[PDB]
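Analysis of the macromolecular model
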Amino acid sequence: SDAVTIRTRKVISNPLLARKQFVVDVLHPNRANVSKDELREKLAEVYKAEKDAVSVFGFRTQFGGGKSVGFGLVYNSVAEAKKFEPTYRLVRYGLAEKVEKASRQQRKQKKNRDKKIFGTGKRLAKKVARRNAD
Amino acid sequence: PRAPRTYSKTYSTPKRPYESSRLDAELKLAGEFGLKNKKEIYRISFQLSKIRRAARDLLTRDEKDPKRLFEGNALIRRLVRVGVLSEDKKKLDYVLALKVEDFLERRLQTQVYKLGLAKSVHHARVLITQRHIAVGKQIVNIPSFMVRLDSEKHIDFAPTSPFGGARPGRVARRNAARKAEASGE
Amino acid sequence: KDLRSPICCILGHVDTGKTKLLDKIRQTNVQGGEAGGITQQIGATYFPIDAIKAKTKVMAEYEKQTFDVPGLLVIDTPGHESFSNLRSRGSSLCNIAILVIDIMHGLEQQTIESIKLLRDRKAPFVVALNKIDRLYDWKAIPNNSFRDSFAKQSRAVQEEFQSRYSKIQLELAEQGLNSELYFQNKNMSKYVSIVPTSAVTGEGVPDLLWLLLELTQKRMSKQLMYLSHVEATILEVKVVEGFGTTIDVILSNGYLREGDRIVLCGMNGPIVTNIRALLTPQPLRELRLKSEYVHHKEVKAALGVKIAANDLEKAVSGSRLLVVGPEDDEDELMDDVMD
RNA sequence: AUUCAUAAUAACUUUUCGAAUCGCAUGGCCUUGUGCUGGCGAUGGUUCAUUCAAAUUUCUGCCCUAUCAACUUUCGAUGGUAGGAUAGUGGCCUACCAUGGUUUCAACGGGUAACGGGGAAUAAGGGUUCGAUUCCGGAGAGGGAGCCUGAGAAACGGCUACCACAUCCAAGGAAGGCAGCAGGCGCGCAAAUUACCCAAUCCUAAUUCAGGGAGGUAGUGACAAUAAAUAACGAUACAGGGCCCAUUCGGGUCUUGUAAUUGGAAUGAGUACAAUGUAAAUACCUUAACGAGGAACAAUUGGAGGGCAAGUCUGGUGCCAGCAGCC
RNA sequence: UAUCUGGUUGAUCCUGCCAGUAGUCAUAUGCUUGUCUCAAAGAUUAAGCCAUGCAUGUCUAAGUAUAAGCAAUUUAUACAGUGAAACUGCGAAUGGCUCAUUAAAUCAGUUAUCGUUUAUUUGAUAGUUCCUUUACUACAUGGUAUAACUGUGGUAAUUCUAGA
Ligand SMILES: [Mg+2]
Ligand SMILES: [Mg+2]
Ligand SMILES: [Mg+2]
Ligand SMILES: [Mg+2]
Ligand SMILES: [Mg+2]
Ligand SMILES: [Mg+2]
Ligand SMILES: [Mg+2]
Ligand SMILES: [Mg+2]
Ligand SMILES: [Mg+2]
Ligand SMILES: [Mg+2]
Ligand SMILES: [Mg+2]
Ligand SMILES: [Mg+2]
Ligand SMILES: [Mg+2]
Ligand SMILES: [Mg+2]
Ligand SMILES: [Mg+2]
Ligand SMILES: [Mg+2]
Ligand SMILES: [Mg+2]
Ligand SMILES: [Mg+2]
Ligand SMILES: [Mg+2]
Ligand SMILES: [Mg+2]
Ligand SMILES: [Mg+2]
Ligand SMILES: [Mg+2]
Ligand SMILES: [Mg+2]
Ligand SMILES: [Mg+2]
Ligand SMILES: [Mg+2]
Ligand SMILES: [Mg+2]
Ligand SMILES: [Mg+2]
Ligand SMILES: [Mg+2]
Ligand SMILES: [Mg+2]
Ligand SMILES: [Mg+2]
Ligand SMILES: [Mg+2]
Ligand SMILES: [Mg+2]
Ligand SMILES: [Mg+2]
Ligand SMILES: [Mg+2]
Ligand SMILES: [Mg+2]
Ligand SMILES: [Mg+2]
Ligand SMILES: [Mg+2]
Ligand SMILES: [Mg+2]
Ligand SMILES: [Mg+2]
Ligand SMILES: [Mg+2]
Ligand SMILES: [Mg+2]
Ligand SMILES: [Mg+2]
Ligand SMILES: [Mg+2]
Ligand SMILES: [Mg+2]
Ligand SMILES: [Mg+2]
Ligand SMILES: [Mg+2]
Ligand SMILES: [Mg+2]
Ligand SMILES: [Mg+2]
C-alpha cells in the first residue's frame, strides 16, 4: 500500500506458444513482498487480457527487502493458457481442480496386483466361488 | 550421477605454531581492525599469497609477452578497483610488494568506521551485522565486504532501521508504549 | 475415536503353556466353512465377533448380545513354573480375564498366587475349568452346548460332576470366594460364575463365550467408549527376517499409523523410534512355503500387533508405548522406566 | 594400392524380395456400367547409402619380485598348404608338413590388502603417495557351464544342468537369486528412511497422454567445503596517564581504561498470521504478532618445566596414585 | 609456496636416528555444538546371507473388438463412440549397482577394416512374378487354426493348467 510499481523487463512476443513472456520486477518499499493474485490482477490490466490468462511465478524477494524479481506470461486468450499452462498452475489459480488420486505406491501396488490376473477376472471370481464349496 | 559442486578453501594456517612475534603482530591486526579470528588474518595472507605467486610467475615472463600483458594488466586493474593498489604503483612490482594491511583497510567493517559513521571498528561490526548500513538500496551484512572504491561514496545507513529513518524498532517502541500506557490511560 | 473392544487374557493352568481352548475356537472355524487363510495376530489372538456367531448354537435362549461389541481379542501368557512372569504383564493383563482350573483338583501350586493377584487388582474375572474328559465314562459331541451334553450323559456321570463340583467350590471358598454355576448364577457381582468347559472336545465352549460378553455388558457399558490417545504396552521382544527386528505390543486404544513417531522405553534413557513397518497378523495354511504375515497401513486399536522399527533394540515388559508429543512424554517414560 | 564400385556370358536355388494391409477426405470424367479414374499419409518392403552401434586390430606405455633363469609344443607351442567353422581376418579348429616362438634390453614363474583411465593429496624445483568411489572403458550378478529369443545377450529383476545355500507342503510335490531402491542379519574401527513425486533432468513403448526406487523431493547426516552470533553504545564513583601552571592544595580538559549501583538503545536463535517457495509438502529469502540482563538465549576442546604460547600461586599425594609422542 | 627445534658429552664438534612441527576429497573414535549455503555417505571386513514391498512395461485417425462391457445418441442393418481381456507389434541387450576376477590382460593416446555384422534414424531404390503360350489362372482380393470368451474339470500349494 506504498504504491508498489510493477515493471516488466526482457519481453518476448512468443507466437508459437501464444503468449508474451517476460521478467517481473516488483519494487515495493515499505511493504514486504507483494502476492501473485495482486500481480495477475495488475498485469491483467496492461495487456488488455484479464486475470485468468496471465500466469506468474518464479519469485524471490531481494536480500534485505523492498524488491522481488519473478517471471510472467500473458496468453492471447484464456483457452491458450488453459492448454499451454502447467496443470499445477491452473490449480494454483482457480481454473482447474486438483483431481487427487491414491498414493503413488498405492497405485503401483494396484498395478502389480492386476498383473497376476489374466483377462477380465470376474470369470475368476465365479471360479473361486466353487472353491467356496469343496 | 550429477555434477560435482566444486569448492575450495579460503585460508591457510602458519607452519610455526607458537612464534611470539607473529602472535603479537596478528593480535595487533585483529585489534586495529576488530576481527575475531586469527583466521580472518590467515584468509587474507592466503589471498595475498596466491596473488603474489601469480605476480612472480608473470614476472619471469618476457616484457611484452602476451600472457604477462593480458593477465598482468587484468590482475592490476582488478587490484586498483577495490583500492588495494595505489594508482602510482599500478605496475605489478608493487603488487609483488603489497602487504596485508592494504587489504584489511578496505573491508566494509573498516570503511564504515573510517568515514566516521561508527567511531570504533567494533561499533562498525555490530552495526553491519545488525542490518543497518548498505551500499545502494542494498543492505550488506558482511564485515569482509571489501568496499569497491566507486561505491565508497555510497556507504550510508539503510532506508530501514533507525539511523536512516523508518522506525525506532521494538525496544524504543516498547518504551514509547510504557510512557503512553503508564502516564496516560 | 474407538468403541473399546474387550481385552481378556486367559490366566492359570500348568503343563499347558498354552491352553488348548482358544486354539480350539480357531480349529472349529477352519474346517467347516471358511473363505481363506485366516488373520491371526501374535502374542494376542483376535477373532471378529462374526466368528462367535457361527461358533455358538443357541442354548435355546441363554447369547445374542451382539449390539455394539466387535469381538475379542484374547491374550495368553501361562507356561512357567517360574511362578510367575504371568503376574502383572502390564496393566492390561489385568482387565477382564479367564481363570481356568482343574476338574480334578481345582487347585494348583501357583493358582493361589494367580487368583490372589487378581483380587489385589480387584478386577473382574470368570472362573472356568478345562477339560472334563479326563473323567470316567464320558461321551462327546463336538462344539455342543454344555447343557445339551450334560443331560445326555448318564446318571453316574452327572453325579460325579456334582461331587467334584462341590469339592471345587469348597476349596474355592476357603481361598475366599462365593460362586456357583453360571446358568444357575444369581447376580454377577453377588457370586462368581462358573462355566464348566471342555477343552479336549467341545463341550460348552460357546457358552463360555456367552458368559464373557454378558459379563462385559454388566461391568462395562459406559466403560467401553473412549476417545483416547494411543495407549499401549510393550509385551515381548524378538527378531524376524524380511523387514527386521521387532517388539510385539498390544494397542488398547487409539488409531495407529505407519508413519507415526512413538516414544518408547529404553533403560539407558528414553528412546524414540520411527516405525519401519507394522507387521501382524498373518492368514493361515502354508506347508513349507509363501508369505508369513500381512502388512497393514493403519490400525484401529484393540489389536495386538508387531511393530518393526529401526532403532528398536532394548525394551522391557511393563513399559508403555505412546505416540509422540515429545517433551512431556520424554520425561514421563524416563521416570517410569526406573520402577 | 585391389580380383574395387559397376556391368556382360552359362547355368544353379526344398527360391529371397517384388503390398491379398490401415486411416482421413470424397472429386473428377463418359459410350452412365455405381464404369474407368483420383487427393493427402500410415504401416510395410528388397538392395545401397547414412546414422546409432559392434567385433577384431597397429604403434608405445604398467606395481613388487632372481630365496623365480630359462621358458613354450599333456592335449598348438612358432610357421607353411588345404579345409571346416565364423558376421568376418586368424592355430579359431582339423588334417598333412616343418621345427619353430620368448628371454639379463629380465622372458617364464610368484606376489598384489591390482579393475584401467580422467584424476586426488603434498605447494621452491626435481619428486613422493593415492585413485573401491559423481565422467570414459572393462568385468560381474552366490559359483561354473550351457542356450533360447533376438538387430543386438553367451542376459541372470531369461531359461537349462550341476555345486553351495535356501523357502513352502496335506511328504505326493512346488518354488528362489537385493554387487537395483529401501530395509534386516552377519561382519567389523567403519557407513542413513522398509517416506513423497514423475514437477524438472532425460529414457522407453503402438507413444504429446502410459511407465520409469532412472532421476528428482524430503528424512537420517559436525564426511569434506562456505559465510560467521554468543554482544554494541552513553552517564556516574573514584584511579590514573596526559597537558598548561606549580608559589605547593591540584584537578580539569582531552582521554586511557579497572569498576559489586546506572541508563536507555539494536538484533536473530527461537516462536509465529500471511504470502512466497514446492508436484504437494518442509526449509531458505520475505514479514504482522512475540522473542536478552547474568538464573542467561550462560562455548568449547586441549594445554601452562623444555621442544612450545601460558604460574615457581594454594590445597592434596609422598618413587604410591598418576603424568610423560621425546627429554 | 627455498625456515626447522628437543634427546648421546663434564663440556665440544660431528654421524645418526628417535621425538616435536604442518597438510590430507583420509578413515575411525572422543569431548562440544546456535544460524546460512553446499551435501559425501555399508568401498576397506564378508562378489558374505537375505524376511517384505517396490525397481519394465507399452496404442496413434491410422494391425485385430459380436465384452453376453459402458455410453447412448445421433444418420449408418457389415463395421464405425469408448473400451477390459487377449492377439499382434515394439521394448525388457538401456538404466542402475558393485569392483570379485584381471599384470601385456584391461586401459590410454594412436591406428586398421583392401577383414566384418549392424534393429533403428535419415536419404535413395523395384512396369519383368502365371504358362506348351485360343477354348484359362479367385484379384471385385484365395486357406484354417487359435487366444481372449463360453462351458466342463484337476491339485495342500505358483503368474500350474487339461478335455470340450
Ligand atoms: Mg502409477
Ligand atoms: Mg493387463
Ligand atoms: Mg527487519
Ligand atoms: Mg465419386
Ligand atoms: Mg521403414
Ligand atoms: Mg595355417
Ligand atoms: Mg576366419
Ligand atoms: Mg621343437
Ligand atoms: Mg630354442
Ligand atoms: Mg630385474
Ligand atoms: Mg581386486
Ligand atoms: Mg577407479
Ligand atoms: Mg592403481
Ligand atoms: Mg577393492
Ligand atoms: Mg576400443
Ligand atoms: Mg551375494
Ligand atoms: Mg548368465
Ligand atoms: Mg536382483
Ligand atoms: Mg538386468
Ligand atoms: Mg566348486
Ligand atoms: Mg496330499
Ligand atoms: Mg539393497
Ligand atoms: Mg531400480
Ligand atoms: Mg562415519
Ligand atoms: Mg541401512
Ligand atoms: Mg519426467
Ligand atoms: Mg527413488
Ligand atoms: Mg535412484
Ligand atoms: Mg537433518
Ligand atoms: Mg527481539
Ligand atoms: Mg540475556
Ligand atoms: Mg579448561
Ligand atoms: Mg615458555
Ligand atoms: Mg642427539
Ligand atoms: Mg638423555
Ligand atoms: Mg659420543
Ligand atoms: Mg648429561
Ligand atoms: Mg666431570
Ligand atoms: Mg621430542
Ligand atoms: Mg617423526
Ligand atoms: Mg549459545
Ligand atoms: Mg549462505
Ligand atoms: Mg548391515
Ligand atoms: Mg559405494
Ligand atoms: Mg562388501
Ligand atoms: Mg462397440
Ligand atoms: Mg507383445
Ligand atoms: Mg492347422
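Residues numbered from 1 in each chain as written, not as in the entry; some residues may be left out. Chains lettered and ligands numbered in written order. Part of a larger assembly, values for the part shown. Heavy atoms only, no water.

The deposited coordinates, according to the entry record, derive from cryo-EM at 4.30 Å resolution.

A word on the overall build of chain C
Counting its secondary structure elements, chain C contains seven helices and 18 strands. Against the compact-globule benchmark of 20 Å for 339 residues, chain C has a radius of gyration of 21 Å, which places it among compact chains. Overall, chain C is about 65 × 45 × 40 Å in size when its C-alpha atoms are taken along their principal axes. For chain C, the proportion of its 339 residues judged to be buried stands at 47%. Contacts spanning at least 24 positions in sequence make up 73% of the contacts within chain C whose residues lie at least 6 apart. Counting only carbon and sulfur atoms, one obtains 52% of the accessible surface of chain C, whose full area is about 17,500 Å². (Helix = DSSP H or I, 4+ residues; strand = E, 2+ residues; numbered from the N terminus. Rg over C-alpha atoms; globule rule 2.2 N^0.38 Å. Buried < 20%, exposed > 50% of the residue type's maximum accessible area, 1.4 Å probe, protein only. Contact = heavy atoms within 4.5 Å. Areas by Shrake-Rupley, 256 points an atom, 1.4 Å probe, with all protein chains shown as cover.)

Notes on the overall build of chain B
Looking only at helices and strands, one finds eight helices and zero strands in chain B. Going from N to C terminus, chain B has its helices and strands arranged as α-α-α-α-α-α-α-α. Here the C-alpha radius of gyration of chain B, 22 Å, is well above what a compact globule of 185 residues would show, namely 16 Å. For the C-alpha atoms alone, the extent of chain B along its principal axes is close to 85 × 50 × 40 Å. Looking at chain B as a whole, 31% of its 185 residues are labelled buried. Across chain B, the fraction of contacts at a sequence separation of at least 24, relative to all contacts at a separation of at least 6, is 50%. Carbon and sulfur atoms form 53% of the exposed surface of chain B, whose accessible area is close to 12,800 Å². Across chain B, the mean location of the 41 positive side-chain charges is 7 Å away from that of the 21 negative side-chain charges. (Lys, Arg positive; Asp, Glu negative; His and termini not counted. Charge placed at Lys NZ, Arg CZ, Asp CG, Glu CD.)

Quick look at the packing of helix α1 (residues 21-30) of chain C against helix α6 (residues 205-219) of chain C
Residues and elements named next belong to chain C. Between α1 and α6, the least distance of the axes is 11 Å, while the angle of their chain directions is 110 degrees. Here α6 runs roughly perpendicular to α1, going by the angle between their axes. Where α1 approaches α6, its residues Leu21, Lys24 and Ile25 are matched on the opposing element by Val205, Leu208 and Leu209. (Axes fitted to C-alpha atoms, helices over the stretch in contact; angles between N-to-C directions. Parallel < 35°, antiparallel > 145°, perpendicular 65-115°, else oblique.)

Brief notes about the interface of chain B and chain A
Each partner contributes residues to the interface: chain B has five residues there, and chain A has five residues. Here chain B packs against chain A, burying approximately 430 Å² in sum over the two surfaces, 51% of which is carbon and sulfur. Together, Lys137, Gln138 and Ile139 of chain B form the three largest contributors to the area buried by chain B at its contact with chain A, with a combined 69%. In this assembly, chain B and chain A are joined by zero salt bridges. The tally of links from chain B across to chain A stands at one residue pair in polar contact. When the residues that make up the side of chain B that touches chain A are grouped by side-chain class, the tally is one nonpolar, two polar and two charged. (Buried area = accessible area lost by both parts, 1.4 Å probe. Salt bridge = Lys/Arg side-chain N within 4 Å of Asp/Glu carboxyl O. Polar contact = N/O pair within 3.5 Å; in protein donor to acceptor, adjacent residues only side chain to side chain. Nonpolar A, V, L, I, M, F, W, Y, C, P; charged D, E, K, R; others polar.)

Brief notes about the pairing of strand β8 (residues 192-199) of chain C
Here is the key point about a regular strand: its side chains alternate between the two faces of the sheet. Residues and elements named next belong to chain C. Summarising burial for β8: eight of the eight residues are buried, a large majority. Side-chain alternation along β8 places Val192, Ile194, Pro196 and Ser198 on one buried face and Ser193, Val195, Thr197 and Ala199 on a second face that is also buried. Alignment of strand β6 (residues 126-130) against β8, held across four bridges, turns out to be parallel. Note that in β8 the partner of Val127 across the bridge is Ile194. Summarising the sheet, strand β7 (residues 179-181) and β8 pair through three bridges and their orientation is parallel. (Pairing = 2+ DSSP bridges.)

Describing the sheet that holds strand β15 (residues 270-279) of chain C
Residue and element names in this part refer to chain C. If you trace the six strands once around the closed barrel, you get β11-β12-β17-β15-β14-β18, paired in antiparallel fashion. Taken pair by pair, the neighbouring strands of this sheet meet at an average axis angle of 45 degrees, ignoring direction. Relative to strand β18 (residues 320-323), helix α7 (residues 326-338) is tilted by about 175 degrees, and along the sheet it contacts β14 (261-265), β15 and β18.

With respect to the protein's contact with RNA strand E
Near RNA strand E, the surroundings consist of 26 residues, among which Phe118 of chain A, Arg2 of chain B together with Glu241, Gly242 and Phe243 of chain C are the closest. Taken together, the sugar and phosphate atoms account for 60% of what RNA strand E places within 4 Å of the protein. The side chain of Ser49 of chain B places a nitrogen or oxygen atom 3.0 Å from a phosphate oxygen of RNA strand E. Mapped by element, the contributors of at least two residues to the surface near RNA strand E are α4 (104-115) and α5 (122-131) of chain A together with α2 (38-59) of chain B. Sort the elements by how many residues they give to the surface near RNA strand E and α5 of chain A lands first, with six residues. Considered class by class, the residues forming the surface near RNA strand E number four nonpolar, seven polar and 15 charged. (Near = heavy atom within 4 Å.)

What about the protein's contact with RNA strand D?
Inspection of the region around RNA strand D gives 62 residues, with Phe243, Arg276, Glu286, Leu287 and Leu289 of chain C positioned closest. Within 4 Å of the protein, the atoms of RNA strand D are drawn from sugar and phosphate moieties in a proportion of 70%. Where the surface near RNA strand D is concerned, the elements lending two or more residues are β3 (54-61), α3 (87-93) and α4 of chain A, α7 (121-129) and α8 (170-182) of chain B together with β15 of chain C. Element by element, the count of residues in the surface near RNA strand D is highest for β15 of chain C, at five residues.

Describing the pattern of salt bridges
All names here are of chain B. All told, the structure shown has 27 salt bridges over all chains when counted by the stated rule. The partner of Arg22 in a salt bridge is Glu26, with the nearest N and O atoms 3.0 Å apart. Of the two residues, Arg22 and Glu26 are both situated in helix α1 (residues 20-33); the distance of four residues between them amounts to about one turn of the helix. For the residue pair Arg22 and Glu26, the accessibility class agrees, reading buried in each case. Between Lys90 and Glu87 there is a salt bridge, and its shortest N-O distance comes to 2.8 Å.

Describing the UniProt feature "domain: tr-type G" in chain C
Per the UniProt entry, the sites bearing "domain: tr-type G" are residues 3-221 of chain C in this numbering. Taken end to end, residues 3-221 of chain C has its terminal C-alpha atoms 10 Å apart, with 32% of it in helix and 16% in strand. (UniProt positions renumbered as here; feature names shortened; annotations may be inferred.)

Details of the arrangement of the chains
Here the protein chains form two pairs of chains in contact, of which the pair with the most contacts is chains A and B. Nowhere do chain B and chain C come into contact; their C-alpha atoms are at least 28 Å apart.

What about the sheet that holds strand β2 (residues 19-27) of chain A?
All names here are of chain A. Strand order in the open sheet formed by four strands is β1-β2-β4-β3, and the pairing between neighbours is antiparallel. For this open sheet the edge positions go to β1 (6-14) and β3, each flanked by a neighbour on one side alone. For this sheet, the mean inter-axis angle between neighbouring strands, taken without regard to orientation, is 15 degrees. Helix-sheet contacts for helix α1 (residues 36-44) involve β1, β2 and β3, and the interaxial angle to β3 is about 130 degrees.

Considering the side chain of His132 of chain B
Counting through the fold element by element, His132 of chain B comes out in the loop between α7 and α8. Ignoring any residue separated from it by four or fewer positions in sequence, one finds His132 of chain B in contact with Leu127, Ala158, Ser161 and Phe163 of chain B.

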